[PDB]
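File shown: my_file.cif. Contents: mmCIF, N, CA and C atoms.
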data_query
loop_
_atom_site.group_PDB
_atom_site.id
_atom_site.type_symbol
_atom_site.label_atom_id
_atom_site.label_comp_id
_atom_site.auth_asym_id
_atom_site.auth_seq_id
_atom_site.Cartn_x
_atom_site.Cartn_y
_atom_site.Cartn_z
ATOM 1 N N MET S 1 69.548 -46.149 18.142
ATOM 2 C CA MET S 1 68.759 -44.911 18.154
ATOM 3 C C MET S 1 68.794 -44.184 19.511
ATOM 4 N N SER S 2 69.303 -44.828 20.558
ATOM 5 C CA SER S 2 69.436 -44.275 21.912
ATOM 6 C C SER S 2 70.468 -45.057 22.734
ATOM 7 N N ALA S 3 71.153 -44.364 23.652
ATOM 8 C CA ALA S 3 72.187 -44.916 24.533
ATOM 9 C C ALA S 3 72.217 -44.201 25.908
ATOM 10 N N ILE S 4 71.096 -43.591 26.317
ATOM 11 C CA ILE S 4 71.052 -42.593 27.401
ATOM 12 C C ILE S 4 71.288 -43.251 28.768
ATOM 13 N N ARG S 5 72.549 -43.313 29.214
ATOM 14 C CA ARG S 5 72.998 -43.840 30.510
ATOM 15 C C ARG S 5 74.414 -43.362 30.839
ATOM 16 N N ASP S 6 74.742 -43.258 32.124
ATOM 17 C CA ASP S 6 76.008 -42.733 32.664
ATOM 18 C C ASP S 6 77.263 -43.290 31.967
ATOM 19 N N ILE S 7 78.130 -42.391 31.485
ATOM 20 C CA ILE S 7 79.443 -42.743 30.893
ATOM 21 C C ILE S 7 80.632 -42.048 31.577
ATOM 22 N N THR S 8 80.651 -41.942 32.908
ATOM 23 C CA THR S 8 81.709 -41.240 33.677
ATOM 24 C C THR S 8 83.137 -41.631 33.278
ATOM 25 N N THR S 9 83.360 -42.896 32.890
ATOM 26 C CA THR S 9 84.660 -43.434 32.458
ATOM 27 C C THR S 9 85.042 -43.048 31.020
ATOM 28 N N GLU S 10 84.099 -42.530 30.222
ATOM 29 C CA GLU S 10 84.304 -41.996 28.867
ATOM 30 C C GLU S 10 83.885 -40.508 28.736
ATOM 31 N N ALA S 11 83.637 -39.804 29.853
ATOM 32 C CA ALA S 11 83.195 -38.398 29.909
ATOM 33 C C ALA S 11 84.221 -37.408 30.501
ATOM 34 N N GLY S 12 85.427 -37.867 30.843
ATOM 35 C CA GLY S 12 86.533 -37.024 31.305
ATOM 36 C C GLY S 12 87.142 -36.231 30.151
ATOM 37 N N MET S 13 87.644 -35.025 30.446
ATOM 38 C CA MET S 13 88.277 -34.125 29.462
ATOM 39 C C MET S 13 89.373 -34.813 28.633
ATOM 40 N N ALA S 14 90.062 -35.788 29.231
ATOM 41 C CA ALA S 14 91.205 -36.508 28.669
ATOM 42 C C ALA S 14 90.923 -37.250 27.352
ATOM 43 N N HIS S 15 89.744 -37.852 27.210
ATOM 44 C CA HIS S 15 89.261 -38.424 25.952
ATOM 45 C C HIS S 15 88.255 -37.505 25.245
ATOM 46 N N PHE S 16 87.493 -36.669 25.965
ATOM 47 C CA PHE S 16 86.580 -35.669 25.366
ATOM 48 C C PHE S 16 87.322 -34.641 24.487
ATOM 49 N N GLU S 17 88.602 -34.400 24.768
ATOM 50 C CA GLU S 17 89.492 -33.566 23.961
ATOM 51 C C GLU S 17 89.950 -34.252 22.653
ATOM 52 N N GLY S 18 89.643 -35.548 22.502
ATOM 53 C CA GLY S 18 90.021 -36.401 21.376
ATOM 54 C C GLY S 18 88.828 -37.064 20.686
ATOM 55 N N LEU S 19 87.596 -36.817 21.154
ATOM 56 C CA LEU S 19 86.379 -37.291 20.494
ATOM 57 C C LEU S 19 86.081 -36.455 19.234
ATOM 58 N N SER S 20 85.082 -36.870 18.453
ATOM 59 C CA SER S 20 84.637 -36.188 17.246
ATOM 60 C C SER S 20 83.236 -35.614 17.470
ATOM 61 N N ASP S 21 82.376 -36.399 18.134
ATOM 62 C CA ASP S 21 80.973 -36.131 18.439
ATOM 63 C C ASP S 21 80.582 -36.881 19.725
ATOM 64 N N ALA S 22 79.987 -36.179 20.697
ATOM 65 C CA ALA S 22 79.427 -36.774 21.920
ATOM 66 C C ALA S 22 78.379 -35.860 22.574
ATOM 67 N N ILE S 23 77.262 -36.410 23.061
ATOM 68 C CA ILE S 23 76.268 -35.671 23.871
ATOM 69 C C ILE S 23 76.094 -36.346 25.231
ATOM 70 N N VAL S 24 76.073 -35.533 26.287
ATOM 71 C CA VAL S 24 75.885 -35.988 27.670
ATOM 72 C C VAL S 24 74.912 -35.088 28.430
ATOM 73 N N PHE S 25 73.860 -35.718 28.961
ATOM 74 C CA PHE S 25 72.801 -35.123 29.771
ATOM 75 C C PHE S 25 73.074 -35.314 31.276
ATOM 76 N N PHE S 26 73.260 -34.205 31.986
ATOM 77 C CA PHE S 26 73.525 -34.147 33.420
ATOM 78 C C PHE S 26 72.202 -34.049 34.198
ATOM 79 N N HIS S 27 72.080 -34.836 35.272
ATOM 80 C CA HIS S 27 70.827 -35.036 35.999
ATOM 81 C C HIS S 27 71.033 -35.516 37.470
ATOM 82 N N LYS S 28 69.938 -35.625 38.237
ATOM 83 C CA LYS S 28 69.899 -36.001 39.648
ATOM 84 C C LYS S 28 68.621 -36.809 39.936
ATOM 85 N N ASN S 29 68.700 -37.788 40.834
ATOM 86 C CA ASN S 29 67.599 -38.651 41.301
ATOM 87 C C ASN S 29 66.386 -37.883 41.862
ATOM 88 N N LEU S 30 66.627 -36.716 42.467
ATOM 89 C CA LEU S 30 65.628 -35.804 43.008
ATOM 90 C C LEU S 30 65.445 -34.649 42.023
ATOM 91 N N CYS S 31 64.657 -34.889 40.974
ATOM 92 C CA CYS S 31 64.471 -33.972 39.840
ATOM 93 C C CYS S 31 63.212 -34.314 39.006
ATOM 94 N N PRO S 32 62.078 -33.615 39.214
ATOM 95 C CA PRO S 32 60.876 -33.754 38.386
ATOM 96 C C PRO S 32 61.111 -33.398 36.905
ATOM 97 N N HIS S 33 61.907 -32.355 36.631
ATOM 98 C CA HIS S 33 62.127 -31.848 35.268
ATOM 99 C C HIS S 33 62.972 -32.783 34.384
ATOM 100 N N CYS S 34 63.920 -33.525 34.973
ATOM 101 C CA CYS S 34 64.891 -34.393 34.294
ATOM 102 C C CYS S 34 64.234 -35.454 33.401
ATOM 103 N N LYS S 35 63.004 -35.869 33.724
ATOM 104 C CA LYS S 35 62.197 -36.795 32.925
ATOM 105 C C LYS S 35 62.033 -36.335 31.466
ATOM 106 N N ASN S 36 61.663 -35.067 31.267
ATOM 107 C CA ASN S 36 61.390 -34.475 29.948
ATOM 108 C C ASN S 36 62.589 -34.618 29.004
ATOM 109 N N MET S 37 63.796 -34.364 29.518
ATOM 110 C CA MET S 37 65.048 -34.520 28.772
ATOM 111 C C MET S 37 65.224 -35.938 28.211
ATOM 112 N N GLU S 38 64.844 -36.999 28.931
ATOM 113 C CA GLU S 38 64.947 -38.368 28.402
ATOM 114 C C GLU S 38 63.990 -38.578 27.223
ATOM 115 N N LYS S 39 62.746 -38.110 27.367
ATOM 116 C CA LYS S 39 61.704 -38.255 26.339
ATOM 117 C C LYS S 39 62.119 -37.608 25.011
ATOM 118 N N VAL S 40 62.742 -36.433 25.085
ATOM 119 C CA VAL S 40 63.089 -35.618 23.905
ATOM 120 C C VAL S 40 64.441 -35.978 23.279
ATOM 121 N N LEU S 41 65.409 -36.402 24.099
ATOM 122 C CA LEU S 41 66.698 -36.933 23.650
ATOM 123 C C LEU S 41 66.549 -38.296 22.960
ATOM 124 N N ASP S 42 65.563 -39.103 23.357
ATOM 125 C CA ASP S 42 65.215 -40.355 22.663
ATOM 126 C C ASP S 42 64.806 -40.092 21.208
ATOM 127 N N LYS S 43 63.838 -39.188 21.030
ATOM 128 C CA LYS S 43 63.319 -38.787 19.717
ATOM 129 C C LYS S 43 64.348 -37.993 18.888
ATOM 130 N N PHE S 44 65.276 -37.285 19.541
ATOM 131 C CA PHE S 44 66.426 -36.664 18.887
ATOM 132 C C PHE S 44 67.403 -37.722 18.348
ATOM 133 N N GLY S 45 67.829 -38.683 19.173
ATOM 134 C CA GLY S 45 68.761 -39.754 18.792
ATOM 135 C C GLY S 45 68.206 -40.622 17.661
ATOM 136 N N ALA S 46 66.900 -40.904 17.694
ATOM 137 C CA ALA S 46 66.177 -41.594 16.621
ATOM 138 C C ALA S 46 66.133 -40.824 15.286
ATOM 139 N N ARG S 47 66.319 -39.498 15.316
ATOM 140 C CA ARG S 47 66.444 -38.611 14.150
ATOM 141 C C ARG S 47 67.909 -38.225 13.836
ATOM 142 N N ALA S 48 68.862 -38.578 14.707
ATOM 143 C CA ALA S 48 70.286 -38.263 14.590
ATOM 144 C C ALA S 48 71.201 -39.451 14.987
ATOM 145 N N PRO S 49 71.178 -40.567 14.228
ATOM 146 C CA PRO S 49 71.881 -41.812 14.555
ATOM 147 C C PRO S 49 73.399 -41.665 14.691
ATOM 148 N N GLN S 50 74.003 -40.714 13.963
ATOM 149 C CA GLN S 50 75.457 -40.529 13.957
ATOM 150 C C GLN S 50 76.026 -39.956 15.264
ATOM 151 N N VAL S 51 75.201 -39.286 16.075
ATOM 152 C CA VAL S 51 75.589 -38.780 17.402
ATOM 153 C C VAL S 51 75.046 -39.691 18.508
ATOM 154 N N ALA S 52 75.849 -39.907 19.556
ATOM 155 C CA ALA S 52 75.507 -40.744 20.701
ATOM 156 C C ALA S 52 75.136 -39.860 21.894
ATOM 157 N N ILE S 53 73.993 -40.142 22.528
ATOM 158 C CA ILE S 53 73.518 -39.425 23.712
ATOM 159 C C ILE S 53 73.582 -40.369 24.911
ATOM 160 N N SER S 54 74.380 -40.008 25.907
ATOM 161 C CA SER S 54 74.419 -40.647 27.230
ATOM 162 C C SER S 54 73.890 -39.696 28.317
ATOM 163 N N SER S 55 73.804 -40.157 29.562
ATOM 164 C CA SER S 55 73.659 -39.268 30.717
ATOM 165 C C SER S 55 74.964 -39.185 31.540
ATOM 166 N N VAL S 56 74.956 -38.403 32.626
ATOM 167 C CA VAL S 56 75.955 -38.393 33.701
ATOM 168 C C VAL S 56 75.222 -38.134 35.023
ATOM 169 N N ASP S 57 75.462 -38.967 36.042
ATOM 170 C CA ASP S 57 74.897 -38.855 37.391
ATOM 171 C C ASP S 57 75.634 -37.775 38.204
ATOM 172 N N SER S 58 75.285 -36.509 37.973
ATOM 173 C CA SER S 58 75.989 -35.323 38.481
ATOM 174 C C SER S 58 76.121 -35.312 40.015
ATOM 175 N N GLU S 59 75.140 -35.884 40.722
ATOM 176 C CA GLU S 59 75.141 -36.032 42.188
ATOM 177 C C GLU S 59 76.317 -36.876 42.723
ATOM 178 N N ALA S 60 76.834 -37.794 41.898
ATOM 179 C CA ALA S 60 77.943 -38.698 42.194
ATOM 180 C C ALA S 60 79.258 -38.259 41.507
ATOM 181 N N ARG S 61 79.236 -37.113 40.809
ATOM 182 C CA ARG S 61 80.383 -36.414 40.212
ATOM 183 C C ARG S 61 80.133 -34.887 40.149
ATOM 184 N N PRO S 62 80.032 -34.210 41.314
ATOM 185 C CA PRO S 62 79.680 -32.796 41.415
ATOM 186 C C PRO S 62 80.815 -31.845 41.003
ATOM 187 N N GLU S 63 82.070 -32.309 40.967
ATOM 188 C CA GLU S 63 83.211 -31.551 40.443
ATOM 189 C C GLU S 63 83.258 -31.582 38.909
ATOM 190 N N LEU S 64 82.837 -32.697 38.291
ATOM 191 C CA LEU S 64 82.791 -32.844 36.833
ATOM 192 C C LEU S 64 81.796 -31.855 36.207
ATOM 193 N N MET S 65 80.571 -31.740 36.734
ATOM 194 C CA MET S 65 79.628 -30.707 36.278
ATOM 195 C C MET S 65 80.181 -29.291 36.514
ATOM 196 N N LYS S 66 80.819 -29.051 37.667
ATOM 197 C CA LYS S 66 81.372 -27.743 38.048
ATOM 198 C C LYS S 66 82.483 -27.297 37.093
ATOM 199 N N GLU S 67 83.423 -28.181 36.759
ATOM 200 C CA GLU S 67 84.534 -27.862 35.858
ATOM 201 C C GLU S 67 84.091 -27.723 34.395
ATOM 202 N N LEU S 68 83.043 -28.472 34.042
ATOM 203 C CA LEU S 68 82.321 -28.371 32.769
ATOM 204 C C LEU S 68 81.402 -27.128 32.724
ATOM 205 N N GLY S 69 81.305 -26.381 33.837
ATOM 206 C CA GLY S 69 80.842 -24.988 33.901
ATOM 207 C C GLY S 69 79.534 -24.722 34.648
ATOM 208 N N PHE S 70 78.973 -25.688 35.396
ATOM 209 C CA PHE S 70 77.601 -25.592 35.907
ATOM 210 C C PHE S 70 77.310 -26.458 37.147
ATOM 211 N N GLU S 71 76.185 -26.170 37.807
ATOM 212 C CA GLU S 71 75.863 -26.628 39.172
ATOM 213 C C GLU S 71 74.362 -26.494 39.518
ATOM 214 N N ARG S 72 73.513 -26.478 38.482
ATOM 215 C CA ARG S 72 72.129 -25.984 38.483
ATOM 216 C C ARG S 72 71.110 -27.067 38.066
ATOM 217 N N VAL S 73 69.982 -26.650 37.485
ATOM 218 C CA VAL S 73 68.976 -27.494 36.790
ATOM 219 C C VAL S 73 69.612 -28.456 35.760
ATOM 220 N N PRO S 74 68.918 -29.541 35.337
ATOM 221 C CA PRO S 74 69.389 -30.466 34.302
ATOM 222 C C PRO S 74 69.942 -29.758 33.060
ATOM 223 N N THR S 75 71.073 -30.271 32.561
ATOM 224 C CA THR S 75 71.933 -29.590 31.586
ATOM 225 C C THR S 75 72.395 -30.553 30.504
ATOM 226 N N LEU S 76 72.260 -30.124 29.253
ATOM 227 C CA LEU S 76 72.705 -30.840 28.064
ATOM 228 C C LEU S 76 74.057 -30.279 27.614
ATOM 229 N N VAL S 77 75.105 -31.107 27.570
ATOM 230 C CA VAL S 77 76.435 -30.723 27.076
ATOM 231 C C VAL S 77 76.758 -31.468 25.776
ATOM 232 N N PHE S 78 77.280 -30.727 24.790
ATOM 233 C CA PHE S 78 77.520 -31.151 23.408
ATOM 234 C C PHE S 78 79.001 -30.983 23.039
ATOM 235 N N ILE S 79 79.641 -32.080 22.648
ATOM 236 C CA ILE S 79 81.040 -32.153 22.183
ATOM 237 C C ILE S 79 81.052 -32.292 20.665
ATOM 238 N N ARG S 80 81.864 -31.457 20.021
ATOM 239 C CA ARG S 80 82.125 -31.481 18.577
ATOM 240 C C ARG S 80 83.547 -30.995 18.292
ATOM 241 N N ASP S 81 84.326 -31.824 17.588
ATOM 242 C CA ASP S 81 85.684 -31.559 17.070
ATOM 243 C C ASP S 81 86.780 -31.703 18.146
ATOM 244 N N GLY S 82 86.495 -32.460 19.209
ATOM 245 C CA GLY S 82 87.387 -32.619 20.363
ATOM 246 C C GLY S 82 87.361 -31.412 21.303
ATOM 247 N N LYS S 83 86.233 -30.692 21.358
ATOM 248 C CA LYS S 83 85.962 -29.663 22.372
ATOM 249 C C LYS S 83 84.464 -29.558 22.706
ATOM 250 N N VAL S 84 84.111 -28.902 23.818
ATOM 251 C CA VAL S 84 82.710 -28.582 24.149
ATOM 252 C C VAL S 84 82.235 -27.405 23.295
ATOM 253 N N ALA S 85 81.258 -27.681 22.432
ATOM 254 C CA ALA S 85 80.651 -26.697 21.548
ATOM 255 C C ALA S 85 79.437 -25.987 22.177
ATOM 256 N N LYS S 86 78.730 -26.652 23.109
ATOM 257 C CA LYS S 86 77.592 -26.060 23.831
ATOM 258 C C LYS S 86 77.365 -26.661 25.233
ATOM 259 N N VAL S 87 76.886 -25.826 26.158
ATOM 260 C CA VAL S 87 76.316 -26.185 27.468
ATOM 261 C C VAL S 87 74.956 -25.469 27.569
ATOM 262 N N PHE S 88 73.856 -26.219 27.698
ATOM 263 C CA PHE S 88 72.491 -25.687 27.800
ATOM 264 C C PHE S 88 71.767 -26.233 29.039
ATOM 265 N N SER S 89 71.522 -25.368 30.022
ATOM 266 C CA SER S 89 70.753 -25.666 31.227
ATOM 267 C C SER S 89 69.277 -25.268 31.045
ATOM 268 N N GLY S 90 68.363 -26.222 31.278
ATOM 269 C CA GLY S 90 66.908 -26.049 31.146
ATOM 270 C C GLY S 90 66.249 -27.041 30.183
ATOM 271 N N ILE S 91 64.959 -26.824 29.905
ATOM 272 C CA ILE S 91 64.094 -27.753 29.151
ATOM 273 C C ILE S 91 64.191 -27.509 27.642
ATOM 274 N N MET S 92 64.114 -28.581 26.851
ATOM 275 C CA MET S 92 64.015 -28.534 25.379
ATOM 276 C C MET S 92 62.944 -29.496 24.839
ATOM 277 N N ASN S 93 62.578 -29.339 23.565
ATOM 278 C CA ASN S 93 61.789 -30.303 22.782
ATOM 279 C C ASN S 93 62.630 -30.866 21.607
ATOM 280 N N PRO S 94 62.283 -32.029 21.007
ATOM 281 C CA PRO S 94 63.132 -32.719 20.034
ATOM 282 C C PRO S 94 63.417 -31.884 18.781
ATOM 283 N N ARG S 95 62.407 -31.181 18.258
ATOM 284 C CA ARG S 95 62.499 -30.328 17.063
ATOM 285 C C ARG S 95 63.557 -29.219 17.228
ATOM 286 N N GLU S 96 63.670 -28.696 18.448
ATOM 287 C CA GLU S 96 64.666 -27.694 18.841
ATOM 288 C C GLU S 96 66.026 -28.331 19.156
ATOM 289 N N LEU S 97 66.055 -29.563 19.683
ATOM 290 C CA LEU S 97 67.270 -30.370 19.840
ATOM 291 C C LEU S 97 67.955 -30.596 18.484
ATOM 292 N N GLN S 98 67.173 -30.965 17.465
ATOM 293 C CA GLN S 98 67.592 -31.099 16.062
ATOM 294 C C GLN S 98 68.171 -29.787 15.520
ATOM 295 N N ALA S 99 67.504 -28.654 15.750
ATOM 296 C CA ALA S 99 67.945 -27.352 15.268
ATOM 297 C C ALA S 99 69.244 -26.877 15.939
ATOM 298 N N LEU S 100 69.329 -26.978 17.266
ATOM 299 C CA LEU S 100 70.526 -26.701 18.072
ATOM 300 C C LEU S 100 71.702 -27.550 17.581
ATOM 301 N N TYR S 101 71.500 -28.856 17.470
ATOM 302 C CA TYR S 101 72.519 -29.800 17.002
ATOM 303 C C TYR S 101 73.024 -29.479 15.589
ATOM 304 N N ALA S 102 72.106 -29.352 14.628
ATOM 305 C CA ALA S 102 72.428 -29.020 13.239
ATOM 306 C C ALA S 102 73.134 -27.659 13.108
ATOM 307 N N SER S 103 72.886 -26.741 14.048
ATOM 308 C CA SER S 103 73.556 -25.431 14.106
ATOM 309 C C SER S 103 74.998 -25.521 14.648
ATOM 310 N N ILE S 104 75.399 -26.676 15.190
ATOM 311 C CA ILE S 104 76.770 -26.972 15.642
ATOM 312 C C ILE S 104 77.425 -27.961 14.665
#
Encoding of this model in structure tokens:
Amino acid sequence: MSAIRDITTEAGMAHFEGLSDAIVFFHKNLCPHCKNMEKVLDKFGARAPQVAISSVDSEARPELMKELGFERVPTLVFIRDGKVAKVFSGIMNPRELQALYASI
């Protein structure tokens, strides 16, 4: 129902271009807001077992977030069909995570 932890070795474009479904939450150790994303992604994964949610430690891979299109507040990135279908920077709730996901 949850897998939220760094997957830098499975988050490169080289296999992300060949995946079917993947979610990755970008974050930093110095971040009050990043907490909320864990709480809501837990309840999302528990309602969406077929998709896997990990994190990425963006502070220790600042080029990976940059090439994936961003450099800002905590960000949710969504892979579908062997490409990035969404990049969302900012806060969400689980009910809206479900709606965003189901819309992709």
Quiz item: Which residues come within 8 Å of residue 72 of chain S, counting all atoms listed in the file, excluding same-chain residues fewer than 6 positions away, as a ChimeraX atom specification?
Solution: /S:65-66,89-90
Practice problem: Skip residue 6 of chain S itself and residues of its chain fewer than 6 positions away, then list as a ChimeraX atom specification all residues within 8 Å of it, counting only N, CA and C atoms. | Solution: /S:53-57
Quiz item: Quick one: of S:91, S:104, S:64, S:85, who's nearest to residue 11 of chain S, counting only C-alpha atoms?
Solution: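 The closest residue to residue 11 of chain S is S:64.
In this comparison, which uses all atoms listed in the file, the residue of S:100, S:87, S:1, S:14 approaching residue 44 of chain S most closely is S:1.
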Quiz item: Which residue, S:23, S:92, S:4, S:31, has the smallest gap to residue 78 of chain S when you use only N, CA and C atoms?
Solution: S:23
Exercise. Give me, please, the distance in Å between atom C of residue 82 of chain S and atom C of residue 22 of chain S, quoted to one decimal.
Key: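 Taking atom C of residue 82 of chain S and atom C of residue 22 of chain S, their separation equals 10.1 Å.
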Quiz prompt | the PyMOL selection byres ((chain S and resi 74) around 7) resolved against shown file, as a PyMOL selection string | solution = chain S and resi 25-28+33-34+72-73+75-76+88-91
Practice problem: Neighbourhood query: residues within 8 Å of (77.6, -37.8, 18.4), file coordinates, counting only C-alpha atoms; return as a VMD selection string. | Solution: chain S and resid 20 to 23 49 to 53 79 to 80
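Atom pair atom CA of residue 70 of chain S / atom CA of residue 45 of chain S: separated by 23.9 Å.
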Quiz item: Running DSSP on the backbone, which parts of chain S land in strand (DSSP E), as a PyMOL selection string?
Solution: chain S and resi 21-27+53-57+75-80+84-89
Quiz item: What is the atom N of residue 35 of chain S-atom C of residue 10 of chain S distance in Å, reported with one decimal?
Solution: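 Going from atom N of residue 35 of chain S over to atom C of residue 10 of chain S, I get 22.0 Å.
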Exercise. Excluding residue 94 of chain S and residues on its chain fewer than 5 positions from it, collect all residues at most 9 Å away from it, counting only C-alpha atoms, and give them as a list in words.
Key: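 Surrounding residues, per the criterion: residues 39, 40, 41, 42, 43, 44, 47 and 99 of chain S.
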Export of the given selection (N, CA and C atoms) as a PDB file, in the coordinates of the input:
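In the end it all went to part24.pdb:
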ATOM      1  N   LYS S  39      62.746 -38.110  27.367  1.00  0.00           N
ATOM      2  CA  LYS S  39      61.704 -38.255  26.339  1.00  0.00           C
ATOM      3  C   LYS S  39      62.119 -37.608  25.011  1.00  0.00           C
ATOM      4  N   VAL S  40      62.742 -36.433  25.085  1.00  0.00           N
ATOM      5  CA  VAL S  40      63.089 -35.618  23.905  1.00  0.00           C
ATOM      6  C   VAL S  40      64.441 -35.978  23.279  1.00  0.00           C
ATOM      7  N   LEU S  41      65.409 -36.402  24.099  1.00  0.00           N
ATOM      8  CA  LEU S  41      66.698 -36.933  23.650  1.00  0.00           C
ATOM      9  C   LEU S  41      66.549 -38.296  22.960  1.00  0.00           C
ATOM     10  N   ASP S  42      65.563 -39.103  23.357  1.00  0.00           N
ATOM     11  CA  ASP S  42      65.215 -40.355  22.663  1.00  0.00           C
ATOM     12  C   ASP S  42      64.806 -40.092  21.208  1.00  0.00           C
ATOM     13  N   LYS S  43      63.838 -39.188  21.030  1.00  0.00           N
ATOM     14  CA  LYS S  43      63.319 -38.787  19.717  1.00  0.00           C
ATOM     15  C   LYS S  43      64.348 -37.993  18.888  1.00  0.00           C
ATOM     16  N   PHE S  44      65.276 -37.285  19.541  1.00  0.00           N
ATOM     17  CA  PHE S  44      66.426 -36.664  18.887  1.00  0.00           C
ATOM     18  C   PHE S  44      67.403 -37.722  18.348  1.00  0.00           C
ATOM     19  N   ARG S  47      66.319 -39.498  15.316  1.00  0.00           N
ATOM     20  CA  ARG S  47      66.444 -38.611  14.150  1.00  0.00           C
ATOM     21  C   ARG S  47      67.909 -38.225  13.836  1.00  0.00           C
ATOM     22  N   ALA S  99      67.504 -28.654  15.750  1.00  0.00           N
ATOM     23  CA  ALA S  99      67.945 -27.352  15.268  1.00  0.00           C
ATOM     24  C   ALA S  99      69.244 -26.877  15.939  1.00  0.00           C
TER      25      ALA S  99
END
